[PDB]
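Trainee: Quick one: the structure is below, questions incoming.
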Amino acid sequence: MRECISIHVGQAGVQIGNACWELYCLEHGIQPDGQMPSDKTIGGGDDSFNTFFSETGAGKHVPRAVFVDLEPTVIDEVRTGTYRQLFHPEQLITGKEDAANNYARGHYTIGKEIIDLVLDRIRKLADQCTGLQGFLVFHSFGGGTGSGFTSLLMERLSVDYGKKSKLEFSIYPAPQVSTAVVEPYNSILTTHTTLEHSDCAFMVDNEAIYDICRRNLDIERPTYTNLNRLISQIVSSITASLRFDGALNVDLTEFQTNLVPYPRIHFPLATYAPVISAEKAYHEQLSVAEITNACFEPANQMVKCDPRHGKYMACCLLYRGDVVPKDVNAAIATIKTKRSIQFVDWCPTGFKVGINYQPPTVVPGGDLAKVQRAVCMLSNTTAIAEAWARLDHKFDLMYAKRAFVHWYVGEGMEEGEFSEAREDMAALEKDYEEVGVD
Amino acid sequence: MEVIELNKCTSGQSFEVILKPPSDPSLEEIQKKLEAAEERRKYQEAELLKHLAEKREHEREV
Amino acid sequence: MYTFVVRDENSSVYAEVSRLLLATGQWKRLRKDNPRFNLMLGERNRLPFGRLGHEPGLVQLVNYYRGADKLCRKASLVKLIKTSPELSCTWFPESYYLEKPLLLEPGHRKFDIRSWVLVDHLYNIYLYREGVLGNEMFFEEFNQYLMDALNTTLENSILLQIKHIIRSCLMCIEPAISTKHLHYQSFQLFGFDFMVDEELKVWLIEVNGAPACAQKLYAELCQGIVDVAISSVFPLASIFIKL
Amino acid sequence: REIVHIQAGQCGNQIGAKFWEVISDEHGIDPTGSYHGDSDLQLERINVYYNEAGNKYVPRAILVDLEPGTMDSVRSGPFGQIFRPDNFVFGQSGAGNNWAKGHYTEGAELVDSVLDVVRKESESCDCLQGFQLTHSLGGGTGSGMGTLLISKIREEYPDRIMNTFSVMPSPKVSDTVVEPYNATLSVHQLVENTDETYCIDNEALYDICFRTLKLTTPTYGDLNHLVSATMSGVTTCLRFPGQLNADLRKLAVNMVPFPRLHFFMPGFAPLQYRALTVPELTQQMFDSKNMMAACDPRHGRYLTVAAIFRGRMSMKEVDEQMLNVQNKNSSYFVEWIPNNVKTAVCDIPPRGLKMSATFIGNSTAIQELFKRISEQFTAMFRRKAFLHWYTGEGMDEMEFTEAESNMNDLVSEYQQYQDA
Ligand SMILES: Nc1nc2c(ncn2[C@@H]2O[C@H](COP(=O)(O)OP(=O)(O)OP(=O)(O)O)[C@@H](O)[C@H]2O)c(=O)[nH]1
Ligand SMILES: Nc1nc2c(ncn2[C@@H]2O[C@H](COP(=O)(O)OP(=O)(O)O)[C@@H](O)[C@H]2O)c(=O)[nH]1
Ligand SMILES: O=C1c2ccccc2CCC[C@@H]1Cc1c[nH]c2cc(Cl)ccc12
Ligand SMILES: [Ca+2]
Ligand SMILES: [Ca+2]
Ligand SMILES: [Mg+2]
Ligand SMILES: [Mg+2]
Ligand SMILES: [Mg+2]
């Protein structure tokens with residue numbers, strides 16, 4: 001067995017990490033005090049869940065997690081929340097003042113003063129691992145910590161663990177929840193500086209999940225708790241194969257082998273169905289065919305964009321619940337005749353499927369109804385570039401007048417790092433157009 | 001439409017269905033850049049204390 | 001009061017749509033690059049479809065269908081017909097000259113037919129009643145000729161085949177360009193060009209994604225656009241047949 | 001995240017006193033410093049403005065004047081004994097409505113004593129955000145000495161945020177003719193040494209009281225009542241917990257795209273037993289009648305805007321009305337700062353209202369105000385009139401030509417972005 005370390009950086013990273021580890025505990029049966037009745041090997045193991053948990057002599061099951069915020073208010077609620085007994089105090093790390101929505105303040109100024117401590121607390125977990133596979137990093141593109149400190153942590157992790165895999169879960173900025181006018185700036189900076197250091201990154205656009213919470217959960221004004229509980233379902237599907245017995249995506253090297261033929265093009269689109277309200281009085285349960293079909297509807301993707309006008313490089317179906325292979329291939333056969341699904345020439349049109357018979361778990365009293373079968377699709381479409389174009393264009397609008405640049409320079413950045421980061425993004429858009437169009 | 005590499009176990013199954021086949025910077029360099037930025041700060045801060053010292057002298061002269 | 005921008009300044013048809021829209025007193029035009037718009041009359045090329053539909057509280061509509069170029073670029077159209085099962089077809093010339101066309105008399109004169117087709121956001125297909133053959137012959141005239149000279153009508157000899165060819169091309173690409181469940185919506189005006197042969201058989205030549213009209217019609221048809229494609233989506237305070 | 005409050009001069013201390021009365025009633029503090037509220041939202045961020053005592057609460061407030069009159073009035077007023085007595089710092093001779101006496105002579109003699117109270121308040125701050133100053137620009141103490149303090153504080157605390165509520169003079173409601181001199185000198189200081197300045201024009205305050213509140217002879221107290229409501233609303237997000245951590249540096253980062261264009265137009269609604277509907281708040285908030293700087297926002301373009309709704313209302317309706325007004329007035333927001341209008345909401349309303357809205361705008365129409373000041377200045381300075389009051393305190397004409405020049409530059413910079 002091989003261990004995985006999760007790193008949660010910033011407000012978005014931490015709060016989403018709350019929702020995930022809560023969901024994990026509910027799924028592996030681990031109660032808030034760290035106990036896991038169904039674990040009979042007291043105080044040790046190399047079961048599949050042990051990829052995400054270590055064990056104490058007292059039988060406590062401990063997340064292989066590191067939480068990091070430049071300011072303490074958020075990681076404090078974890079220190080005093082329902083799962084306090086879950087974490088070792090030294091896994092929760094906080095500073096004094098935050099990056100004030102400023103990449104450079106998170107990367108250069110305030111980041112440089114806490115990086116070595118964070119690497120030290122992470123080392124303390126790598127030494128508890130017989131064969132560590134790598135890291136899963138949760139952060140926003142838009143916050144100053146989320147973008148600037150993360151890109152600095154990602155630079156040093158490549159140095160200290162050159163042989164390890166690094167996956168990202170990245171909250172892409174949406175105006176109807178956003179925090180700062182400068183998030184497009186932070187977004188491009190931290191992409192430019194983290195690209196070479198990441199193997200695979202899953203972009204969750206806050207706009208997509210926000211509309212899903214409204215359209216499909218009939219929530220007028222969705223909260224971070226709503227957003228984050230839905231995001232935790234999608235991450236749980238993506239990570240189920242690291243924590244459970246199976247043969248698809250069993251280690252972090254398989255995510256990039258199975259989903260990333262090109263190193264730079266390592267942003268797979270995620271689609272999830274079904275999202276059903278807990279207060280839907282009458283609900284007809286959907287079928288294998290109906291939920292596999294919903295995987296090709298843009299209104300279900302973690303990023304809005306039109307996969308019909310791009311090309312596929314890989315497609316991965318991940319089911320949870322009452323699914324057998326035969327219903328899956330009768331669904332695919334139907335869908336293939338009705339939908340435009342074009343792969344790139346140098347790659348095989350087809351699907352990789354994984355099924356876990358346990359149906360999805362829901363936080364008791366949350367907003368998601370329990371379902372008998374659900375699916376998450378991971379596809380590498382060139383269509384996701386639509387989201388880089390949106391973000392690069394907003395960056396071009398402000399930077400053409402140098403709006404807000406002085407906040408970055410005043411922390412030590414040169415103006416050239418902006419145009420360097422934007423020329424890297426302009427190449428990234430050019431790559432996607434290569435693979436994708438004729 | 002061919003199925004492949006089918007794997008079973010108590011938790012579920014996995015398989016592959018085909019429809020058609022085909023036709024790092026070093027710690028020293030980080031240090032350097034992380035410190036060329038601090039120098040650029042301290043320079044800017046030093047310009048500030050310089051302009052402020054001039055203002056003290058004008059204050060005295062008036 | 002709705003909002004719209006103009007990003008193809010020299011398009012005869014939508015120049016007249018913008019003008020008629022203002023005159024309603026219920027639309028104002030913004031500047032090309034202002035994103036807070038209801039309606040985009042967009043560029044002919046590199047139209048940024050990936051930025052539409054991301055403005056909270058704005059229903060957005062654009063006068064082009066992303067993907068329609070598959071039908072409007074000759075090389076693509078040919079690949080389309082040869083390759084798409086929904087097309088096999090018997091009305092498109094062998095492609096990789098029609099040496100026996102129909103001739104109007106007196107003059108032994110050749111001609112081609114331009115038909116105007118509006119596809120709204122629901123994917124309804126609207127054929128404009130007025131087609132065109134200033135070296136311009138319209139439908140009332142052409143009909144009478146056919147009756148007098150051939151003892152048939154325009155509907156029976158030519159229009160059945162035309163409505164059939166329009167249906168078949170646009171229902172072919174429907175699942176690839178439809179905006180039914182998208183986050184922005186599309187309509188688009190098309191121009192189809194046909195030729196008729198001595199046997200009274202219709203053929204398809206090209207499909208134009210940015211067609212001009214004919215002067216005396218630039219008015220009935222531009223109003224028909226606001227009525228069916230725009231005000232259908234942005235209500236206010238028939239000249240087409242549906243296919 | 002502590003904030004050190006400083007109030008200077010006659011206007012600065014009269015408005016500052018009203019401010020501490022208003023928010024003290026909000027946070028449930030009585031004139032004795034004892035909390036007697038019914039909620040803990042009142043106390044969760046109480047430390048941002050108040051220090052703890054018989055655990056009483058005492059404002060983190062320093063009161064500064066060059067004469068004793070106004071501070072005796074504060075100490076004798078409703079919440080007067082709430083203030084820490086060590087924190088009244090004053091001389092005896094006054095500043096004679098004279099910028100130079102405040103900046104160079106009389107104020108120079110007193111400033112170091114103020115900075116000793118500033119230093120005491122700061123050093124015992126867990127994490128100091130910065131400083132907020134209340135003062136007028138048209139007199140001598142708050143203007144001349146106020147900007148002297150701001151220069152000393154930036155030198156000792158160059159990495160904290162500097163924030164002013166700055167009252168701008170006006171011939172309508174006017175103490176002396178030298179106000180345009182005092183104000184031009186002060187705007188030169190403020191453009192360089194603050195991060196955010198709330199521009200409050202006494203002309204607008206008068207018109208609101210006359211043309212809207214239907215007061216035929218407004219006093220300074222009626223004018224300050226408007227300033228108190230706006231100061232309360234402009235700081236709501238700093239003082240109560242919201243889905244956002246609001247602090248002075250995040251406000252500056254998001255409101256100021258160019259470092260010298262940091263002068264904000266405040267607005268308020270409503271300016272009564274029917275609460276307003278969320279549509280009404282939104283209409284009034286953005287109405288020029290409701291704005292406190294006497295600039296027509298339709299004569300410029302908003303670079304950035306921040307709106308705060310107070311009261312229990314439909315957040316959905318709020319967003320719906322914010323999005324409406326932008327898309328009904330997009331000719332007035334710059335298109336090159338995407339998403340430049342932010343919205344906060346707070347459940348606790350202010351005293352006597354169930355629904356209120358506060359507007360903070362960084363519009364290039366503010367240039368009208370600096371042009372008005374510049375015109376009144378050049379009118380006197382071109383005959384060198386009343387200049388001997390300043391040359392007698394040591395100033396040269398040159399420093400005047402320089403501040404006239406730096407503020408005409410400011411007007412050019414604002415005009416540069418109204419047409420970009
Ligand atoms: N989905 C989601 N998005 C969030 C959450 N918290 C913040 N965001 C988004 O993330 C962006 C801001 O980043 P934050 O995480 O708040 O920033 P941070 O890293 O704490 O940075 P500083 O506070 O600047 O130090 C905005 O787009 C927010 O909408 C969350 O819990 N869930
Ligand atoms: N709004 C308001 N303005 C005032 C008040 N007192 C004075 N002013 C204005 O303040 C300016 C000069 O006053 P003052 O503050 O008294 O001078 P200082 O004591 O020398 O700082 C003038 O523009 C006055 O109109 C006040 O209480 N409220
Ligand atoms: O902290 C804040 C603050 C501080 C004091 C009073 C009122 C507020 C409003 C709430 C938000 C701001 C900060 C801010 C985050 N994103 C923004 C975008 C724009 Cl255009 C403008 C501002 C902000
Ligand atoms: Ca065990
Ligand atoms: Ca003296
Ligand atoms: Mg934070
Ligand atoms: Mg032709
Ligand atoms: Mg006075």
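Residue numbers start at 1 in each chain; chains themselves are named A, B, ... in the order of the structure tokens; ligands are numbered from 1 in the order shown.
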Per DSSP on the backbone, filter range 162-212 of chain D down to the residues in strand (DSSP E or B) and report them as a PyMOL selection string.
Mentor: chain D and resi 162-168+170+173+196-201
Trainee: List as CSV every residue of chain B that is in contact with range 309-326 of chain A, defined as an atom at most 12 Å from one of its atoms (using only C-alpha atoms), together with the nearest atom pair and the distance in Å rounded to one decimal, sorted by chain and then rising number.
Mentor:
residue,atom,partner,partner_atom,distance
B:3,CA,A:325,CA,9.5
B:4,CA,A:325,CA,11.3
B:6,CA,A:325,CA,9.4
B:7,CA,A:325,CA,10.8
B:8,CA,A:325,CA,10.7
B:11,CA,A:321,CA,10.0
B:12,CA,A:324,CA,8.4
B:13,CA,A:325,CA,7.8
B:14,CA,A:325,CA,8.2
B:15,CA,A:325,CA,8.0
B:16,CA,A:316,CA,9.2
B:17,CA,A:325,CA,9.7
B:18,CA,A:315,CA,10.8
B:22,CA,A:313,CA,10.9
Trainee: To check your reading of the model: which residues sit at most 7 Å from ligand 1 when counting only C-alpha atoms and all ligand atoms? Write the answer as a ChimeraX atom specification.
Mentor: /A:9-13,15-16,69-71,98-102,139-147,171-174,177-179,206,224,227-228
Trainee: Go through D:340, D:367, D:134, D:391 and flag the residue nearest chain A, using only C-alpha atoms for the distances.
Mentor: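 Result for the nearest residue to chain A: D:340.
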Trainee: Using only C-alpha atoms, determine which residues of chain D fall within 12 Å of chain C; present them as a tab-separated table (two decimals) with C-alpha atoms, in the first residue's frame.
Mentor:
chain	number	residue	atom	x	y	z
D	316	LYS	CA	-31.72	37.31	-3.95
D	317	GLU	CA	-33.65	40.53	-4.45
D	319	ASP	CA	-28.41	40.80	-6.18
D	320	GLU	CA	-31.25	41.17	-8.64
D	321	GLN	CA	-31.41	44.92	-8.02
D	322	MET	CA	-27.65	45.43	-8.10
D	323	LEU	CA	-27.39	43.62	-11.43
D	324	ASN	CA	-30.31	45.67	-12.75
D	325	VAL	CA	-28.77	49.06	-12.01
D	326	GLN	CA	-25.43	48.17	-13.62
D	327	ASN	CA	-27.11	46.93	-16.80
D	328	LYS	CA	-29.35	50.00	-16.73
D	329	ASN	CA	-26.35	52.32	-16.41
D	330	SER	CA	-23.34	50.54	-17.93
D	331	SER	CA	-22.37	53.81	-19.65
D	332	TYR	CA	-21.11	54.81	-16.22
D	333	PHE	CA	-18.87	51.90	-15.17
D	334	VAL	CA	-15.54	51.31	-16.83
D	335	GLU	CA	-15.53	48.20	-18.98
D	336	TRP	CA	-11.83	47.52	-18.38
D	337	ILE	CA	-12.24	46.56	-14.72
D	338	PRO	CA	-14.45	43.46	-14.90
D	339	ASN	CA	-16.88	42.96	-12.06
